[PDB]
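Have a look at the structure below before the remarks.
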């Protein structure tokens, strides 16, 4: 009912990768390329629909189903969703690595004087040069998590085929001035880069 | 060829309704259920419900109860999904899908999918941006390099483009894709990395173009005090 899969998996061409799906015998797997409908790759744990390459296989441990792709090819880079009856996992971006992994560059800007004078406040967290193209962004006010007022974009490709994203935190000027600092925390491939800004008159 | 063909993309205002069609061919439409699945932009798949084209019976996910009506016209092998009282967060690709050729008893998963129908729900009207400077500081500095930028706030519709110094400044420029706010307006930012020694000597102006509102803004970005 609440199927969980990793946000990001990656491997190099020719390698094998595995995507897990954890729940609470009918787990299936879809592949989705940009602008296209999902394509069924594996159903009922291990069955392959006609025409799906033999490199795609499925298995099931206890309560974790697994899609394995052997001999990774560039065309396998796509989103993958597990499913069980009407329920879907949240999706895994599979990257077929074509350059070294790269951590995000993060720049955080505080509200401008002009915006504060207009009675608004926006923190701007700009995230660039990361690969694979999957990040999560969290914000903190002082040391406590902030979720209200946050908007984050999906990653997009830059000229060098790395990825960029941005996240915006909307606050009142009073909220901005009442904390010692705010922080934007970007998680990429399990590690985090966090930038902090503070009110400065 | 077993296939499902959907109607084209739609644009609606909140509170309205949308009706998407899905025409089956290459298999007997009445032999199989028809399901609908949607996917909000950048998000995952969510099942909405099914219709039995023989009985007309339906079953809907709890999220869509009271707002979704699935129907079919067997004479033209077509299923319909009508979603009413539309919300901005109903903006999504809507797929019809079903199970036709598989060796399974469950009716899930789905081997046959329509191409999807994008439905955009928005209450926003044309509005030019407010442009704020993102001033450089010793915080936005690293390799003797300073980052400065422009925040282009609260515009509609897309797109906005940004250049720096009327196009004379291209190295180190990065204009980011826009975020869509809950207000229905977009914001984006553009940043440029420059030599920190050049601050105070070189003028930096971001040139924002929002053709949908016939607006251009040239915003000077200078260091803080």
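Residue numbers (this note's numbering), protein chains in the order written: chain A, 227 to 427; chain B, 76 to 300.
Every residue, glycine too, gets a C-beta built ideally from N, C-alpha and C.
Could you tell me which of the options sits nearest to residue i, measuring between CA atoms?
i: residue 478 of chain A; options: A/242, A/268, A/409, A/427; result: Outside the displayed range of chain A (227 to 427) lies residue 478 of chain A, so it cannot be described from this structure.
i: residue 249 of chain B; options: B/260, B/208, B/258, B/264; result: B/264
i: residue 411 of chain A; options: A/392, A/357, A/256, A/229; result: A/392
i: residue 239 of chain A; options: A/286, A/298, A/262, A/258; result: A/298
i: residue 254 of chain B; options: A/318, A/416, A/376; result: A/376
i: residue 264 of chain A; options: A/329, A/291, A/242, A/318; result: A/318
i: residue 401 of chain A; options: A/420, A/387, A/337; result: A/337
i: residue 331 of chain A; options: A/379, A/313, A/231, A/414; result: A/414
i: residue 139 of chain B; options: B/122, B/251, B/131; result: B/122
i: residue 367 of chain A; options: A/395, A/255, A/286; result: A/395
i: residue 428 of chain A; options: A/388, A/419, A/306, A/423; result: Residue 428 of chain A is absent from the structure shown; chain A starts at 227 and stops at 427.
i: residue 277 of chain B; options: B/259, B/185, B/292, B/298; result: B/298
i: residue 307 of chain A; options: A/397, A/232, A/390; result: A/232
i: residue 135 of chain B; options: B/89, B/153, B/200, B/112; result: B/112
Count the other CB atoms within 10 Å of the CB of residue i; is the residue buried (16 or more) or exposed (fewer)?
i: residue 353 of chain A; result: buried
i: residue 80 of chain B; result: exposed
i: residue 268 of chain B; result: buried
i: residue 162 of chain B; result: exposed
i: residue 341 of chain A; result: buried
i: residue 86 of chain B; result: exposed
i: residue 282 of chain B; result: buried
i: residue 178 of chain B; result: exposed
i: residue 286 of chain B; result: exposed
i: residue 103 of chain B; result: exposed
i: residue 381 of chain A; result: buried
i: residue 94 of chain B; result: exposed
i: residue 283 of chain A; result: buried
i: residue 147 of chain B; result: buried
i: residue 259 of chain A; result: exposed
i: residue 403 of chain A; result: exposed
Does the beta-carbon of residue i, which I'm using as the reference point, lie nearer than 7 Å to any heavy atom of the ligand ADP?
i: residue 97 of chain B; result: The ligand content of the structure shown is nil, which means the ligand ADP is not present either.
Which residues does DSSP list as the beta-bridge partners of residue i?
i: residue 108 of chain B; result: According to DSSP, which records beta bridges pairwise, residue 108 of chain B is partnered with nothing at all.
i: residue 353 of chain A; result: A/332, A/391
i: residue 145 of chain B; result: B/156
i: residue 44 of chain B; result: With chain B running from 76 to 300 in the structure shown, residue 44 of chain B is simply not present.
i: residue 294 of chain B; result: B/281
i: residue 379 of chain A; result: Beta-bridge pairing links residue 379 of chain A to no other residue.
i: residue 230 of chain B; result: B/261
i: residue 134 of chain B; result: B/125
i: residue 325 of chain A; result: Answer is none; residue 325 of chain A lacks a bridge partner.
i: residue 244 of chain B; result: B/239
i: residue 371 of chain A; result: A/366
i: residue 221 of chain B; result: B/216, B/269
i: residue 348 of chain A; result: A/396
i: residue 242 of chain A; result: Partner(s): none; residue 242 of chain A has no beta bridge.
i: residue 251 of chain B; result: Its beta-bridge partners do not exist; DSSP assigns none.
i: residue 99 of chain B; result: B/79
i: residue 187 of chain B; result: B/173
i: residue 94 of chain B; result: B/157
| request: For the stretch 352 to 368 of chain A, enumerate the residues whose C-beta is nearer than 8 Å to any C-beta of chain B, in chain order. | output: 352, 354
| task | Using a Cβ-Cβ cut-off of less than 8 Å, give me the residues of the stretch 245 to 258 of chain B that come near chain A, in sequence order. | result | 249, 251, 252, 253, 254, 255, 256, 257
| message | Residues of the stretch 374 to 389 of chain A in Cβ contact with chain B at a cutoff of 8 Å, in chain order, please. | response | 377, 378, 379, 380, 382, 384
| request: Determine, using beta-carbon pairs with one atom in the stretch 310 to 330 of chain A and one in the stretch 227 to 238 of chain A, whether at least three such pairs fall under 8 Å. | output: yes
| message | Pairs of beta-carbons, one from the stretch 351 to 371 of chain A and one from the stretch 264 to 275 of chain A, closer than 8 Å: are there three or more? | response | no
| query | Should the stretch 151 to 167 of chain B be regarded as contacting the stretch 210 to 225 of chain B, the criterion being three or more beta carbon pairs within less than 8 Å? | reply | no
| message | So, does the stretch 169 to 187 of chain B touch the stretch 197 to 216 of chain B, judging by three or more C-beta pairs under 8 Å? | response | no
| Using Cβ-Cβ distances below 8 Å, what residues of the stretch 176 to 202 of chain B are close to chain D? | Here the protein chains are A and B, and chain D is not one of them.
| task | Note down, in chain order, all residues in the stretch 311 to 326 of chain A with a beta-carbon under 9 Å from any beta-carbon belonging to chain B. | result | 311, 312, 313, 314, 315, 316, 317
| said: Output needed in chain order: residues of the stretch 207 to 226 of chain B with a Cβ under 8 Å from some Cβ in chain A. | reply: 207, 208, 209, 210, 214, 215, 222, 224, 226
| message | So, does the stretch 118 to 138 of chain B touch the stretch 189 to 205 of chain B, judging by three or more C-beta pairs under 8 Å? | response | no
| field | Members of the stretch 231 to 242 of chain B near chain A, C-beta cut-off 8 Å | value | none
| field | the stretch 268 to 297 of chain B: positions lying closer than 7 Å to chain A by Cβ | value | none
| Positions along the stretch 94 to 107 of chain B whose CB lies within less than 8 Å of some CB in chain A | none
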